[PDB]
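**Q** So I pulled this structure from the PDB, and the sequence comes with it:
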Amino acid sequence: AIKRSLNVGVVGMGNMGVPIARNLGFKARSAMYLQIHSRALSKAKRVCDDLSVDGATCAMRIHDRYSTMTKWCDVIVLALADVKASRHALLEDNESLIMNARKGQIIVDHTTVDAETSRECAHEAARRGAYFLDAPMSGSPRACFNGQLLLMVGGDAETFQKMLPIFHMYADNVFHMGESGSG
Amino acid sequence: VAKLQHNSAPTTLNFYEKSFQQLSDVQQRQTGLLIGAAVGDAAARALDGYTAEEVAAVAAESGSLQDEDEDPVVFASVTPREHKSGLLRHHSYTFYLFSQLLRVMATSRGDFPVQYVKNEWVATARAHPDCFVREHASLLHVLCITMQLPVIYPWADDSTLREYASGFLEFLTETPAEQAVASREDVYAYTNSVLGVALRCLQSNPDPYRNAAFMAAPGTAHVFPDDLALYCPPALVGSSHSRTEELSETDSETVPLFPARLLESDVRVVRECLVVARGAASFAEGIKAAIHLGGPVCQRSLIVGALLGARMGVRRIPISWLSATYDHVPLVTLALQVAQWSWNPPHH
Amino acid sequence: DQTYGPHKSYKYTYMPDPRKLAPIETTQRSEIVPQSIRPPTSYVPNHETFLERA
Amino acid sequence: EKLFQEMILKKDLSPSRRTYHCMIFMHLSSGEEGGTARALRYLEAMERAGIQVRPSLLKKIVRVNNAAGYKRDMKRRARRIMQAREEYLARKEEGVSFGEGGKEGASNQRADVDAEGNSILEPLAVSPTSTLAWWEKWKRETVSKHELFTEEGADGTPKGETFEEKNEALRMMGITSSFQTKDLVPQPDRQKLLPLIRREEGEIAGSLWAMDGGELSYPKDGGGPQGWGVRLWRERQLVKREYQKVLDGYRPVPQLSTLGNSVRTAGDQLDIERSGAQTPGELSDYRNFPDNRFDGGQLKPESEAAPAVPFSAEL
Amino acid sequence: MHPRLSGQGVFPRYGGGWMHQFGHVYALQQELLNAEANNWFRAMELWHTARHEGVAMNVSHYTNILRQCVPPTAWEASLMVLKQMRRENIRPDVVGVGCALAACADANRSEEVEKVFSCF
Amino acid sequence: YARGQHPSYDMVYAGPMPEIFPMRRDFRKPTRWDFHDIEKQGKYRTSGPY
Amino acid sequence: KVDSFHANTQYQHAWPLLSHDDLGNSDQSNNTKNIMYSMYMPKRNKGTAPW
Amino acid sequence: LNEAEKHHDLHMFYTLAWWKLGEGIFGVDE
Amino acid sequence: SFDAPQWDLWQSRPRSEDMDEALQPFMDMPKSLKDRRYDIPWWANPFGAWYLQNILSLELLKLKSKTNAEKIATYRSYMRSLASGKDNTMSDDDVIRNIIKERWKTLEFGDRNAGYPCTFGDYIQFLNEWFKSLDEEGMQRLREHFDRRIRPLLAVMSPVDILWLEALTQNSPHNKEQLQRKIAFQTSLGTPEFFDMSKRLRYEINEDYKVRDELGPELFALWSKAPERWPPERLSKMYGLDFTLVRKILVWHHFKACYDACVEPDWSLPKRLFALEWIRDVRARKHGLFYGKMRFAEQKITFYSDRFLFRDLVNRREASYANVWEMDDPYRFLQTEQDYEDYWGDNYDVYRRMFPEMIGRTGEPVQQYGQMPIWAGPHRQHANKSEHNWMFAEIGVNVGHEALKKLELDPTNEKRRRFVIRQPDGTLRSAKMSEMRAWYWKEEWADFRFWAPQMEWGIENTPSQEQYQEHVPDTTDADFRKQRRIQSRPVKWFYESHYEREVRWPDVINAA
Amino acid sequence: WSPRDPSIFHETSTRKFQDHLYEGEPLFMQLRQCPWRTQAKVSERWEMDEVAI
Ligand SMILES: [Mg+2]
């Protein structure tokens, strides 16, 4: 019951993940604690280094394992390359985020996946007690830099209302399509 | 601690919100007597002239509060009756002469004679003759005007303050006739006692209502509450011989026109204002208890709003009440010029 | 898990000026004063007539 | 001051420079208000009576005033402490804290509902078995800062400078102190080898001050001049300088370590483990005085041995 | 209704010399140490605002307070001063305790003179 | 008042630290909003506490 | 790809608390071991240094 | 650029037999 | 509908397989043998089975089971039957400590079937997968155990001694016979009197860790309950450690409590405990150049050169603090916790750089001015509203001198330097204090000691009215003050001059 | 304008909104104009007071 900032983590520094992390580092003025995950720690160090020298308004923290990324973050946002990496990071790993989700966490998937992967992810997140939103993004990295991305959030509506101030930092057209799997 | 920026949240709620942090602890109590009287007079404006039963009928007809709405007594949405002349639809006639005295005080850069403000006050009474004959030479209207006099130098004693105020107290009780008042000295003595209360409030005195009763004017026990009336000095026997000279005329048909309200009817209003402002926990709750009494309610909340603002400063004033005041743009600017120039007057 | 930077007690490891992190607000002139367009009158009914008169 | 003006006025004695320095430094060291205003009066009395004003006196005046700044700040903070105590005793009797304890603003404006009614993000609650949760529980549940001490110190200062008042305040906060008096204080100024290691090479610990695992001072793994071997060699050279200081009698002889005992001759390890000797001097007393020990090989204390004093000390 | 010495060449050099942010501090100290002030009731009230404003008061501030209590013979006020100077360990001067002894002697408080004399 | 410069002698320097290597001889910048650009140019002697 | 090349070849991590100088100096009560470097700089500068 | 080391030579010192010399180092201190 | 199982050392949490190897021979190991390794429990290792069999069971004997009491009884009887005179009567913790010690020192590395409990490579695998199973708190405790115990022994022992220890680990007769041929291996072995310095070095390192971990929470509690009663200088005087060491202990304890609870740390705490040090030391540093340190802020004359400058310094130091903290009287204007988090958070380097001397505030209050009437009316009411803020400053003969700078920004000065700022919505306001100070030369120092309400006023500092009357200011000999008073007062009486005559209230005829 | 661009890090550069404090500017937002509402077939403007605040 400590009045503190929101621990927000971005998993995956790829084509679209690093402008999402840069928008969260710029446009969040001392309101969140930013975590940055990558498989190689040098890439996360590079992204945090560029965010520090370009001038960010929040403090950042690098991660290389999913366990500390699970135990630190209140909100997790995944922007990966393919469905196989997202299925490994969410379900197939031993330290995966949804399988070891804490009570009250919110996990948003921006990687476009199949329907059964999102169904099993939302089912296991509801089984663990956490929340899962699948919001596949539409746009270019230049459009991600300008904050104009298209989001189709499926999941809980109250969780969508909670996550709208984070979604409005890198996306303008954010729609709530309904239940899990609609986006 | 800081939240996500959402729904276009404003940085500051008022123009002078962070300017009150840039004042001293005495300068927050110097401006508290000025801005706190402006907030209190504007809050009880819509219920001016209402009785105590009509004020309670306003709070009874509106029983829907979402806990974000304030008391419907404060800044009421009721329809006024005379509904007004030009500037007076947000503040009373007593505040018009209060705002003109503050404007002279800011440009005079310190203490100033009464002749600087004589032409400002008679132009208002010439424009509003109906509000002039209702409130001239009364104890409530004279005390609300000269309330802002210890802002010039709050560390002064009662001997220096009553000497400076006596030039202001004589013109407010002077009329162009030979039928001046029922008593010149009783309006002076009751005013000088409550001016000691505000002088102790700007000096951050422990129990300012008790210590103002000891150094009060003699014969002014009725303006203080009953527990503090034992501490007031009694009236002089030479002053009681002057009361027999007023009875030696024996002219009950020849009642003086000024003031319109009785003097003893005004002592009960200031005594009720000192009871409310004593046990008031905050600036907002003390004003809400002052408008619930009714009657001359703009002058009620001008006494309570000044005395409470002089105690807990302008930072304890709710900033949404200041943003709703109509003349808060010039008056807080004029209140900053008084508090800055009070410690170095250029003349002396 | 590690915080970025060797110091780990500072919010910003490079320690920039705090006026660099201050935001910059913007307001277009279109919010101040609008731009209107007059319709073509009988003296200048077209735009080529307006160019030929000028 | 009474004896000073009795010496000056009655007995008509001219005071020396040292007793002027005493009255200067007494008012300077006292943290009361106006102490330097009287120390400058004594300086003026030294100046206009022909008493010599040395530059060492001026440097000591600056040093003593900078040292007694602590006493001045304590005597200034005790006034605000007494004011806060009086205001706390007033406001706990009038009952404003009972009205302020009810969080009506948190009840109307909930932690998940903002001013308009939308749902906002709340941080997850931390584990109650953590240190920070116990620290905020100790901040909230314990007694107030104004209920610790009723009266202040004897000379202008707040109570708590001594260890009895510190232990009493810790008992009122529900904390039993592990260090009751000053002999149970580790005293890092007594260290001799460790600051010598810290001065030349660097911090031998490294992970003494480490927040998240990056403030640690350790040699690199590549090798060369920055590797572990050169650093351990230079630390061994500094320990060799300290051991050469031990051998020449400048330092006391160190006690028996487990590393030293495990490399020794096994018979010496047997003699140490049957004697209980901490220093090798006790082992030398165990060997060179075989009539001193007990029946189980245990070493007798110092007070049970008496050497023969010769009569030639009676010359 | 003015501070008797405003600034610009009145205040000493080591304090900066008319720092206008402390213009009320310079005006309060002249009311505390006013040698022409004879109202003892204001002197107790002037101590309470210097206590609130954080104004450091030496023995000359309390000596001016004890001086004003002797012509009205306010013997109760002279003992509340010496209780406070003992509470802050501000040692009174001999002229200051001479006022509190004379405040209790003229008010026929004989038993209270004997214990103030026994303290010093 | 005609003695010394400032009575403080506790002035904690809050500006930028001097650069000892490599030492830049000339500091000439075409500036836009610098109103002391007349005073900030010209050869001045660099001698101080440092 | 144009951001992957431009690394931090311009900035450096800030000074920690109670740090020393690059020449070895430190702000202690005893400045006998510390030295001044105003005499190593060039005598006249065209312009105005930031310090 | 440059890689901050994880100090893997910290763990190579634990491969030695400190129980033979330090007489039970790996437990709690007496 | 999922219960998270509690994880501890008895049953370790499953980890990922992409983790880097902590030990050096496992980093260059081929990956076929990495895939050959099976995920088994921790006691299925032979070294782990040995440690659970003889070490962990004897520590589990400390509890109140009946088998614990029977094993304690038979162990007492066993080591009494070994020899009676050495261990006549001692407690059960002592006997299990003795058997734990003797089973620790009798550990060898050979084949499992040859009578030895485990091999060397099984021990290296146990160390590797034990270090893989640690988080950053476990790695911190591992490094602390290295610093407390193994670091003095490594600082004392020679490299030939750790080569001998490596030969004792590998337990090979070939390598031992090969090393026994060397004369330099046998002769250069360490002597125990040199090895006895390890006890003093270990005691000093554990003394520093006792300063940190045992004196730390007591100082944290005493400073966090009542910091005005126990400041860091009082704690440093009553415990005698150091000033900066106590402040480092407080900062390290708060950051350790924040980092171990997955909470973002309060960054304002090194700004609050090291405020003078934050202003003095913390700078932005560029990459390819070296920096220096200013010895003094100003080129000034010393205070030892004159007696009056010396007396001014002593009178200013008496009116000053020695250390100012967040609770003192210069920081008493922070009446709101929002102002508290605004001043110490993210803008302390800007808030302290406003004014050099510490005052009762941080700047100046902002007031706005009136717009002159535009006689064209609403045709030109749009023209003052613009996009940006338009800042205008005064210059001239009287205005623009830096030597009178604090006189030219003085709001109690009638000849103050006039600033105006037109907002983009057309509002004419005055300038802020930093906005007024930006038009002068830079003043980049700060005073962290002197507080002006602590000035002495009763003994020597007595400003007299006769000294101000020596200038002989008169109104009859000079009319400039009365002319400025006439210029200040309103001139509304000039229109009602004919409407000695004195101004009275309007007489009413309706009520009369 | 990032200061890791060597054309912006150079001390004589106009890609900053100050002179001597730092280099570049982190993610500033400006507003353009869209004069294409006259290209629409029907273009209207509705004047209504603010109700959301
Ligand atoms: Mg003046």
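**A** Yes, it's here. Numbers count the residues shown, from 1 in each chain, chains lettered A, B, ... in the order given.

**Q** Tell me which residues are up against stretch D:20-40.
**A** For stretch D:20-40, the external contacting residues (C-beta atoms under 8 Å, 6 or more residues apart in numbering or on different chains) are D:1, D:4, D:42-43, D:45-46, D:51, D:57, D:60-61, D:64-65, D:67-68, D:70-75, D:156-157, E:56-60, E:89-91, I:311, I:314-315, I:317-318, I:456, I:458-461. Every residue, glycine included, has its C-beta placed from N, CA and C.

**Q** try it again with 7 Å
**A** Stretch D:20-40 is contacted by residues D:4, D:42-43, D:46, D:51, D:57, D:61, D:64-65, D:68, D:71-72, D:74-75, D:156, E:56-59, E:89-90, I:311, I:314-315, I:318, I:456, I:458-460 when judged by C-beta atoms under 7 Å, 6 or more residues apart in numbering or on different chains.

**Q** now the end-to-end length of that stretch.
**A** The separation between the terminal residues of stretch D:20-40, taken as C-alpha to C-alpha, to the nearest Å, is 11 Å.

**Q** how about residue A:175, secondary structure?
**A** Taking DSSP: H, G, I helix; E, B strand; the rest coil as the rule, one finds residue A:175 in the strand state.

**Q** Tell me who's in contact with it.
**A** By C-beta under 7 Å, 6+ apart, residue A:175 lies in contact with A:151-153.

**Q** Swap in 6 Å and give it another go.
**A** residue A:152 (C-beta atoms under 6 Å, 6 or more residues apart in numbering or on different chains).

**Q** Repeat that for residue I:408.
**A** Per C-beta under 6 Å, 6+ apart, neighbours of residue I:408: residue I:417.

**Q** rewinding a little: from the contacts of stretch D:20-40, list the ones also adjacent to chain J.
**A** Taking C-beta under 6 Å from any C-beta of the partner chain as the test, chain J is in contact with none of the contacts of stretch D:20-40.

**Q** Now list the buried members of those residues.
**A** Buried subset of the contacts of stretch D:20-40 (neighbour count, 16 or more other C-beta atoms under 10 Å in any protein chain shown): D:42-43, D:46, D:51, D:57, D:61, D:65, D:68, D:71-72, D:74-75, D:156, E:56-59, E:89-90, I:311, I:314-315, I:318, I:456, I:458-460.

**Q** Narrow these to those in helices?
**A** Mapping these onto helices (DSSP state H) picks out D:42-43, D:46, D:57, D:61, D:65, D:68, D:71-72, D:74-75, E:59, I:311, I:314-315, I:318.

**Q** Can you tell me the closest non-neighbouring residue to residue D:240?
**A** residue I:194 (7.5 Å; C-beta to C-beta, 6 or more residues apart in numbering or on different chains).

**Q** Helix or strand: which one has that neighbour?
**A** Secondary structure from DSSP states H and E places residue I:194 in helix I:192-195.

**Q** from the chain's centre, how far out does that helix sit?
**A** The chain centroid and the centroid of helix I:192-195 are separated by 41 Å under C-alpha atoms, centre = their mean, to the nearest Å.

**Q** Output the first helix or strand past it going along the chain as PDB - backbone C-alpha positions only.
**A** Moving toward the C-terminus from helix I:192-195, the next helix or strand (DSSP H and E) is helix I:197-213. The C-alpha coordinates for helix I:197-213 follow below in PDB (Å, rounded to 0.1, in the frame of the first residue of the first chain):
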ATOM      1  CA  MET I 197      47.200 -11.300   9.500                       C
ATOM      2  CA  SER I 198      44.100 -12.800   7.800                       C
ATOM      3  CA  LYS I 199      42.300 -12.800  11.200                       C
ATOM      4  CA  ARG I 200      42.800  -9.100  11.600                       C
ATOM      5  CA  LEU I 201      41.900  -8.300   8.000                       C
ATOM      6  CA  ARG I 202      38.800 -10.500   8.300                       C
ATOM      7  CA  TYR I 203      37.900  -8.700  11.600                       C
ATOM      8  CA  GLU I 204      38.300  -5.300   9.900                       C
ATOM      9  CA  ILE I 205      36.100  -6.300   6.900                       C
ATOM     10  CA  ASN I 206      33.500  -7.800   9.200                       C
ATOM     11  CA  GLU I 207      33.700  -4.600  11.400                       C
ATOM     12  CA  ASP I 208      32.900  -2.500   8.300                       C
ATOM     13  CA  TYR I 209      30.000  -4.800   7.500                       C
ATOM     14  CA  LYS I 210      28.900  -4.500  11.200                       C
ATOM     15  CA  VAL I 211      29.000  -0.700  10.800                       C
ATOM     16  CA  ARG I 212      26.800  -1.100   7.700                       C
ATOM     17  CA  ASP I 213      24.300  -3.900   8.500                       C
END
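
**Q** Quick one: list the elements packing against helix I:197-213.
**A** Judged by 3 or more C-beta pairs under 6 Å, 6 or more residues apart in numbering or on different chains; DSSP states H and E, helix I:197-213 is in contact with helix I:151-156.

**Q** Counting by contacts, list what the next helix-or-strand element following the helix it packs on packs against.
**A** Using DSSP H and E, the next helix or strand after helix I:151-156 towards the C-terminus is helix I:159-170. Counting contacts by 3+ C-beta pairs under 6 Å, 6+ apart, helix I:159-170 packs against helix I:173-180.

**Q** After the helix it packs on, which helix or strand is next?
**A** Taking DSSP H and E, what comes next after helix I:173-180 is helix I:183-187.

**Q** residues of that next one that come out buried?
**A** Within helix I:183-187, the residues scored as buried using 16+ other C-beta under 10 Å are residue I:185.

**Q** So what touches that helix?
**A** Here helix I:183-187 has contacts from I:160, I:179, using C-beta under 6 Å, 6+ apart.

**Q** Alpha carbons of it, in PDB - could you do that?
**A** As requested, the backbone C-alpha atoms of helix I:183-187 are provided in PDB (Å, rounded to 0.1, in the frame of the first residue of the first chain):
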ATOM      1  CA  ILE I 183      61.700 -26.900  -5.400                       C
ATOM      2  CA  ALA I 184      60.000 -23.500  -5.800                       C
ATOM      3  CA  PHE I 185      56.700 -25.100  -5.000                       C
ATOM      4  CA  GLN I 186      57.900 -26.600  -1.800                       C
ATOM      5  CA  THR I 187      60.100 -23.800  -0.500                       C
END
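
**Q** Which single residue in chain C comes nearest to chain G?
**A** As assessed by C-beta to the nearest C-beta, chain G sits closest to residue C:15 within chain C, at 3.7 Å.

**Q** List, out of the buried ones among the contacts of stretch D:20-40, those positioned next to chain F.
**A** Among the buried ones among the contacts of stretch D:20-40, no residue lies close to chain F (C-beta under 6 Å from any C-beta).

**Q** Tell me where chain A has helices.
**A** Using DSSP H, the helices of chain A run over A:17-26, A:41-54, A:66-72, A:83-87, A:115-128, A:141-145, A:157-167.
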